[PDB]
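Listed in order, the protein sequences are those of chains A and B.
With this note's numbering, the residue at position 5 of the first sequence is 5, and numbering never jumps.
If you count the second sequence from 1, you need to add 100 to reach this note's numbering.
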Amino acid sequence: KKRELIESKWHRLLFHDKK
Amino acid sequence: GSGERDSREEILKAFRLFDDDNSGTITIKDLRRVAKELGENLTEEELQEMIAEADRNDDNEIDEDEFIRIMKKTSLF
């Protein structure tokens, strides 16, 4: 689901909890 | 009753941290800068997908409203 996969990047940038 | 003490603040901090180039908007350049700094060597395409997901202004820069919108959308804030 491209939508999810893309949203996951915004998620990842800020939620970059060390990893 | 958040009002002043609302997620809006945190969004705005994130907006500023993202907007390295200080365009008052988060550009593809800003996203690359952020990503690279985190270690995420993202491609033009990956970034443009992110851009396009948030962008409803057709200027290629995520403005405050758009950022607020996607930050809510994604449960980022």
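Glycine is no exception: its CB is placed at the ideal position from the N, C-alpha and C atoms.
Per DSSP, the bridge partner or partners of residue i
i, result
"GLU161/B", "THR127/B"
CB of residue i within 7 Å of CB of residue j, strictly
i, j, result
"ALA114/B", "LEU14/A", "yes"
"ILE126/B", "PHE118/B", "yes"
"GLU166/B", "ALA154/B", "yes"
Any C-beta of chain A under 7 Å from that of residue i
i, result
"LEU176/B", "yes"
"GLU109/B", "no"
"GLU149/B", "yes"
Proximity winner among the options, relative to residue i (alpha-carbon distances)
i, options, result
"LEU176/B", "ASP17/A, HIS11/A, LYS19/A", "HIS11/A"
"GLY124/B", "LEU131/B, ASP163/B, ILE168/B", "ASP163/B"
"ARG3/A", "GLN148/B, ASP130/B, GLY103/B, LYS136/B", "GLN148/B"
"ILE168/B", "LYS129/B, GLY103/B, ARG108/B, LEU142/B", "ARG108/B"
Chain-ordered chain B contacts of residue i [CB-CB under 7 Å]
i, result
"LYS9/A", "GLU146, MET150"
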